[PDB]
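Chains: A, B, C and D, in written order; residue numbering restarts at 1 for each.
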Amino acid sequence: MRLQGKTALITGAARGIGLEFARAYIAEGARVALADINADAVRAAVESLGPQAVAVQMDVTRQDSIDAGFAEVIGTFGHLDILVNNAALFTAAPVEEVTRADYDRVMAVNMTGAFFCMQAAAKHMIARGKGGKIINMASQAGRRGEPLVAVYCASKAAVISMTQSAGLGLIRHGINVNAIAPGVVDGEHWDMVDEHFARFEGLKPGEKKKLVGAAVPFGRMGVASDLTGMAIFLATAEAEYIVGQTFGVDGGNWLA
Amino acid sequence: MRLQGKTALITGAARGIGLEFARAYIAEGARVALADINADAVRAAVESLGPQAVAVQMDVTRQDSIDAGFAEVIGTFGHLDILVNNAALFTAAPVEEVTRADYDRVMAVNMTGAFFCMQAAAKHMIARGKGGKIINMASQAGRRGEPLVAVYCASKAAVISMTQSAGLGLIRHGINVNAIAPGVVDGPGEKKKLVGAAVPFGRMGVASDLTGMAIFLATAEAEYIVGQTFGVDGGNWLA
Amino acid sequence: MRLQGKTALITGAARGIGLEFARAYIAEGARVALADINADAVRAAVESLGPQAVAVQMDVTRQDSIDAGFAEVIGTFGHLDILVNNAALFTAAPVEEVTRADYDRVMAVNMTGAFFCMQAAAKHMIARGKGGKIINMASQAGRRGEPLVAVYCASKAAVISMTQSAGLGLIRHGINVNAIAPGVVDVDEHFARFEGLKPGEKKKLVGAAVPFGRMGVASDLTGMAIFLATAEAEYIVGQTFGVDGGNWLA
Amino acid sequence: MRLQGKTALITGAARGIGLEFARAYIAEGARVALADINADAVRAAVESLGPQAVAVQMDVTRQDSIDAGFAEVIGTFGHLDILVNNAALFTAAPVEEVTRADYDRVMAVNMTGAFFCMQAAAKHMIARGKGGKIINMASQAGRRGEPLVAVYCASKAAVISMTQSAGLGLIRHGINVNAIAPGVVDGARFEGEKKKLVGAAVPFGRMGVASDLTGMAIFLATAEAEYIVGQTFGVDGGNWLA
């Protein structure tokens, strides 16, 4: 029970990595607000986690929806100890084909949404004066550009930068800002990525997946439970001297 | 004379680094379109530098201005060999005070503007099939965050990232995408002179410290350089 | 009790961070071999830590002492699960004043000693076929050079490099190689003198410039040392993690 | 003629990248000392390059041979403006098989030799008081480890670190210290084909040649690079990003 009596807000928590972080945090004795744009999906997730979980509808692309969501969580819990910025969209396209629509929608969620949710947590944690924890979900894609993934890579590079900036600015208020950079994650996350590479190569139905998996030094694609240990550790006092860092949990797919 | 028969478009070319690059490219025998939001602020420079220089009114935050400016440069010169993505805005504020207005306006020039200008240059250079050069202006700020400069740092980390992605995607067409990362550039008061004094070289950066690298990356001696960001910062950062 | 039934070998463990790692590991249920060059210091450290500690005299600058020490620990415990490569020396000199004597003795401990201990751990862990954990002590010094610390910085840059190479090479045997990069943790005089300072004045200036607001203590680092040795870190491969109060960013 | 009147010393210059740097620096008006462990190999290079070139026998692994080699060049030229640290050995083996013999001999040339040659250059350049240029040869291998290349990678990561430390320390004396990081250049046991697999896999479309690097070797030796301090520049066809 490494988070006993702590309160957390996780964005994009209805499914995949965010749902798994909410589960693990409840198992460590935290109260968790699960935020997602889809009220039905986040109601269902809360129903699967039990009475330590609460559902919040939030569109992280809109300031008024951010302020209302935070107001609701603070109203219910009284205070917020931990923000996990996990909401993200994927897109792929050669730079010469990227549309304003895809650009705008991936930047609004991955970068701007993460920034202003971090700001909302930060303002609440400064006012309270008891510190807190902010964990941004970055990506291997944030460490180096790749062809076809310019928009996604740039959004995650900005998440790593804002983790650093906010980390050095907020540590004097006892707020630890850090990031986790997953590698290639299996199942539902992979399928999001795979669906955006259809128009380009699509090399043979499902061979791409075992190749990318085979090429991960560890020998498989990631599962959500590879990340939960790091998500818990960064929210504990054993990590109070860790400030502004991005930790690769990627089976050796990247080195930092 | 290292850019003879080359054509260049430089954004934010009215003053500072952009102007210094335009003068330098003209001296190396390039034709240069100096682009800025205010065409009058560029007619003076276009006047002194003579007929190898042309003025283009372009606001990099608007797609329709990007389209109009690139069609105008390609229409005047017939082709575009070199893009320098130099248009940039600064803001400072602790993360807790950052306004939507500041965030949007700095992101619109530094990240989105750079990105869609690079795209327009690429569509033309791919079609033409003779290769090309795209030089993005990053910064030491895009290498690591700092406490009061979260918006500016993140916009420049995005520039570094898109230089890498575009670099890897475009080299098969013979297009070299690279970036120059200035350190602190000559642009209560105790801080700028504390920072300036702390540059290992011994002074704050001037625009002309960068012109060497700006010429070099646009020449055939740099043809095997792909998706790189080069620190020209007097030792103020290490990469 | 996150390390119950695990066996560790910690180099440079008679004092400082290595001793505090040994102590924290014993509190998590591990048996710990403390290796150090000084037989009295290491017997005194084991008497202080109690009966879950064992003493191994080991000079990490010699292959004969490395081979003997690992063989002895594997014989005593039956197996070795965790190596902490902690033995290190500090030196400072501007590049134009660096001696062969200083260069040789710091490189022999920090780079060569770390490399050949990691290889002794790897050989045993490959043979046993149950995987293992190797944690290298790097530094902020390994991430970027600085004017007075060329030899120490280069040695820790080599530690990061070999963590990455060995990390990628060994993970198919289930061995996780990773590194901890401390910031400034609480020789000194010689170092302060280059800027015309007393070490007292130096430590205060360095302390104040840490974003967290103070120099590090060993207990800032013990959490990460335990974490990287557990199943919760199984997908972490070849990484170096800064525990440095914000003094560096990675 | 970007190096008219300048003097250079290039270590490991008998063949490959060092010889091409020697040729390009001479073509730019420089006097060049070509240093190598093989006196006869570097005497033959000087013969093909002409009298702008001089031959120096130097074993970069021995302090005495470094001091004698720098003494000869300063003797012959009066001063040294530019050092290129180009001497390098390669080795490969998985970490569990690395021998002390391979470790010591690659570290001795790539790391220790480059360090003490850079120190010899710095001491002369500090005494003379007119600044100078030191260009270390790093590698993509120095940016990140890889499984079979632990020794070579660590050697080149140390080269990048010392470039940074030396660069920050020596710029107060008008000495610019920087490095070039080639990718895969032209240039067995553990696995025709394998070479154009790595080659084809370079984003640019081919393995590197010496002439990809000479532009950057010239540029870092000129006043157009005087604000460039402690940097490593990847010239690698996009095979690494930095």
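By our rule, a residue touches a chain if its C-beta (ideal position, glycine included) is under 8 Å from a C-beta of that chain, and two chains touch if they have at least 3 such contacts.
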Which chain pair is joined by more contacting C-beta pairs, B-C or B-D? B-D
In terms of CA centroid distance, which chain is the most far removed from chain D? A
Quick one: chain A and chain C, Cα centre-to-centre, how many Å? 32
Dist(centroid_CA(chain B), centroid_CA(chain C)) in Å evaluates to 43
Give me the residue numbers in chain C that touch at least two other chains, ranges are fine. 144-145, 147, 164, 167-168, 211, 238, 249
Quick one: do these chains touch in a line, a ring, a star, all-to-all (complete), or other? complete
Check the chains against each other and report every pair that touches. A-B, A-C, A-D, B-C, B-D, C-D
Chain C touches which residues of chain B in the complex? 144-145, 147, 200, 238
Contact set on chain B toward chain A in their complex: 63, 94-96, 98, 100, 103, 107, 111-112, 115-116, 118-119, 122-123, 126, 142, 144-150, 153-158, 160-170, 227
Where on chain C is chain A touching in the complex? 164, 167-168, 171-172, 211-213, 216, 220-224, 226-227, 230-246, 249-250
